[PDB]
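So basically every Cβ, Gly included, is an ideal-geometry build from the backbone, and we count neighbours across all protein chains shown. What follows draws every value from the coordinates through simple rules; no lab data is involved.
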Amino acid sequence: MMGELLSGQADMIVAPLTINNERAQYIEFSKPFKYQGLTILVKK
Amino acid sequence: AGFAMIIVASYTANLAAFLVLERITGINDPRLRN
Amino acid sequence: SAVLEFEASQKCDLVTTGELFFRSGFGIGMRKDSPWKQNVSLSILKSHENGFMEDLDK
Amino acid sequence: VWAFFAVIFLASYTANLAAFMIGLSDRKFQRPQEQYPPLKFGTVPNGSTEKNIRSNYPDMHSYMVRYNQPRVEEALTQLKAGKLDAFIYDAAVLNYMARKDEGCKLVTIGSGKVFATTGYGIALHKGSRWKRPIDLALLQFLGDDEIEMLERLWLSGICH
Amino acid sequence: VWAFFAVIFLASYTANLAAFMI
């Protein structure tokens, strides 16, 4: 996504995208709207 | 009597099981931290 | 977190047990020169304040 | 014949059961006119919660003429004494009080949904040169999975 | 008289032992 946006065709990303360093200094973000973490899923 | 007696016996067994249903386990415990 | 728990609730044939060992949010990205960024941040916080967020959530 | 089967079945059943033995959206909070709420849902005097309520439900703000402004400690003391009915305040501080609370008082519903989910920021200046470095350092710390350690050192609790 | 005391005593004993089994 951000690679293709930096390519130039895309102009503004709207997706369930997380927040992390390298992409943060490489492109800034807006204020968060949905909050989550990391979790395991398994069958019973 | 009968059904009532057996249900009271079951309730008494349940209550007896209910009655039977060291606070620091290392420096990592938060009781000492606070 | 949200995706996995929502899918598990939808299917209710699998169990979600892991603890939230991470904290993160979802944002909107755009080029490094954008008044749209400030305005959309204000609009998103407005949506949070008014109650549209959990409205669409429910 | 039948009696023995019945008694063994009931014994198995008894053994199995003994083994198993081992917000304001609510109607009550929605009505300020009703006399049932003994108190007026105390809150901090000039908090962001006040302006949120006044910009969302002015009727609640009007009904909130009586509130425990000065001390959160005195507010929780009165609530424990049975005087106050309910308290409304920031989720993080109430959670911290509950974690270290003596008596283990639940907060809302057992960590129910919080109104206007937000975060804690840093009060910077307009167009400060430190904005980008501050964001970078904060996010690097967040990825460096140590704020969890600081929270466990500071925000620990017993009641769980 | 005696029978009821005996049976309740034995029921309590059985409950206690099954509890210790946990």
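Three semi-axes describe the equivalent ellipsoid of the protein assembly as shown; taken as square roots of 5 times the Cα gyration tensor eigenvalues and ordered largest first, they are 52, 29, 22 Å. Summary of packing: across the peptides A:31-38, B:6-13, the per-residue average of other C-beta atoms within 10 Å ranks them, highest first, as A:31-38, B:6-13. Taking 0.36 nm per residue of separation and subtracting the Cα-Cα distance, full extension of the segment from D:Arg152 to D:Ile109 would add 13.2 nm.
Which shape class applies to region D:1-152: rounded if a/c is under 1.5, otherwise prolate when a/b exceeds b/c and oblate if not, where a ≥ b ≥ c are the square roots of the Cα gyration tensor eigenvalues? Because a/c hits 1.5 or more and a/b fails to exceed b/c, region D:1-152 counts as oblate.
Taking 4.7 Å between beta carbons as the limit, the unpaired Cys residues of the protein assembly as shown are C:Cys12.
Efficiency by 1/(1 + (r/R0)^6): what FRET value for D:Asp145 and C:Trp36, r their Cβ-Cβ distance, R0 = 30 Å, to the nearest 0.05? So the FRET efficiency works out to roughly 0.40. Spacing of the modelled spin labels on D:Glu50 and D:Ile22, each 7 Å from Cα toward Cβ, amounts to 5.6 nm.
Distance between the 7 Å Cα→Cβ label points at D:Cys159 and B:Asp29: 2.1 nm.
Pairs over the 21 Å Cα-Cα cut-off, from the set A:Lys44/C:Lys58; A:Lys44/D:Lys113; D:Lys40/D:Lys80; C:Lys32/D:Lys126; D:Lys28/D:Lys83: A:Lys44/C:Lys58; A:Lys44/D:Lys113. Subtracting the Cα-Cα distance of A:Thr18 and A:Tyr35 from 0.36 nm times their residue separation leaves 5.2 nm of extension gain. Taking only alpha carbon atoms, chain C gives an Rg to Rh ratio of 1.11, where Rh is the Kirkwood radius.
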